[PDB]
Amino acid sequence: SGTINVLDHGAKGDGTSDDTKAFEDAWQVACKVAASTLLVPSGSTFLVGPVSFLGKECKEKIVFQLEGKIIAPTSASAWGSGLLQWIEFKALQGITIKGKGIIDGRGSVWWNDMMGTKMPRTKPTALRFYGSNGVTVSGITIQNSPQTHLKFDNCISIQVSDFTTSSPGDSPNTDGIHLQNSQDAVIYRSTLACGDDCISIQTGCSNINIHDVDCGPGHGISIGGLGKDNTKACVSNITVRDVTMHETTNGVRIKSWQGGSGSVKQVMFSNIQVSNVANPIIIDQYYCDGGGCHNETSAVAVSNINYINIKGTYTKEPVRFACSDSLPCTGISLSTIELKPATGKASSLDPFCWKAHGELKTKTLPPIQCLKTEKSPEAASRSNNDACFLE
């Protein structure tokens, strides 16, 4: 009565017939009753193409209970060109996606160039939330995304828990969870196996808390890349605690582009265990993957970044603070860092600091003796206070 099973609205659940129409119809029914649940039942597999579940004409507090499997079409005709997301939830209040079922993007057809006369640089995000207040994602697994697994854009009050991504470590650009223009988020008790950043925090994000997460494979937990194409980025109050990273290319990273502007401030990375991680601790203001590697006079201002209790083994550079000549990093603090080289090659690479100011609160392994204790008039002279933040 209160639970709208998609099979009662025309869905075939055979994996082969297109059930998109049926899902839209079930959504329209669920949208009319509060406390309603749209159930995608266990024991069935549903082929669903691009779809947008709109909240504008819908109700608030809806539950989308995914217990079976939703699979993406592999035919190019299902997608058209320029589509940035497969499944979208837009303008919802209090939406919950829960259950122990699976979203499978069949991403290998995209990674592997089987769509269209031509591969798009940016492929669809599997599950995207836009413009929503009070979003919960729990329980589900997203596997084999065409690109990003889960995205939050312009959302507030987000909770992600008991959540899993699974795409191959060598799949291109398959980041786990991406946030942009989103605030007041908690991501916890989740397992992220990705081909790119496990968690990527982009501009406009603040008050993000990540804890009790396992990453690997993937590229680590990253703020950025910020400021590409001479743009302004603002990120503040990011906490990452109690995370284990296995065979990722970075551990905890902040990356920004030369020519960017704005500010990344008040970041805490604590209780991080790394196992065979290439670059465990990195601030890179020379980031240029996918573009030009020239220098420019503007930078994103990085300040008040704290690293506490980070231990394990590394395979490339243990610590790299590569900050802009035009705007040094400041307020970097390190405590209780115990990193051991996993390979001989790694053992020959010492910490690297460039234009980085801060303090060592304890001795570290390897020793970090390149952080500058003096203040930076250069950093203080660039206006990166009121352009980004009101407090």
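Position 1 is the first residue in the sequence shown; the rest follow in order.
Peer 1: Can you tell me which stretch has the higher mean Cα B-factor, 324 to 332 or 39 to 47?
Peer 2: Taking the mean C-alpha B-factor of 39 to 47 and of 324 to 332, the larger value falls to 39 to 47.
Peer 1: Using only the Cα atoms and their B-factors as the entry lists them, report which of 259 to 267 and 314 to 322 averages higher.
Peer 2: Taking the mean B-factor of the alpha carbons in each, 314 to 322 is higher.
Peer 1: Given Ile221, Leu179, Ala91, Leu226, identify the residue with the highest C-alpha B factor in the PDB entry.
Peer 2: Highest CA B-factor of the listed options: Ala91.
Peer 1: Specify which of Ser77, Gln147, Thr244, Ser190 carries the largest Cα B factor in the deposited PDB entry.
Peer 2: The C-alpha B-factor peaks, among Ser77, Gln147, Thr244, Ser190, at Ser77.
Peer 1: Report the third (lowest, middle or highest) to which the CA temperature factor of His357 belongs, ranking only the modelled residues of the same chain.
Peer 2: Lowest third - that is where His357 ends up once the chain's C-alpha B-factors are sorted.
Peer 1: Among all modelled residues of this chain, ranked by Cα B factor, put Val33 in the bottom, middle or top third, i.e. lowest, middle or highest.
Peer 2: Highest third - that is where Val33 ends up once the chain's C-alpha B-factors are sorted.
Peer 1: Based on the entry's values, in what third of the chain does the Cα temperature factor of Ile337 lie: lowest, middle or highest?
Peer 2: For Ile337, the deposited C-alpha B-factor lands in the lowest third.
Peer 1: Could you tell me which third, lowest, middle or highest, the C-alpha B-factor of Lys118 occupies within its chain?
Peer 2: Highest third.
Peer 1: Could you look up the Cα B-factor of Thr248 in the entry and say which third of the chain it sits in: lowest, middle or highest?
Peer 2: It falls in the middle third of the chain.
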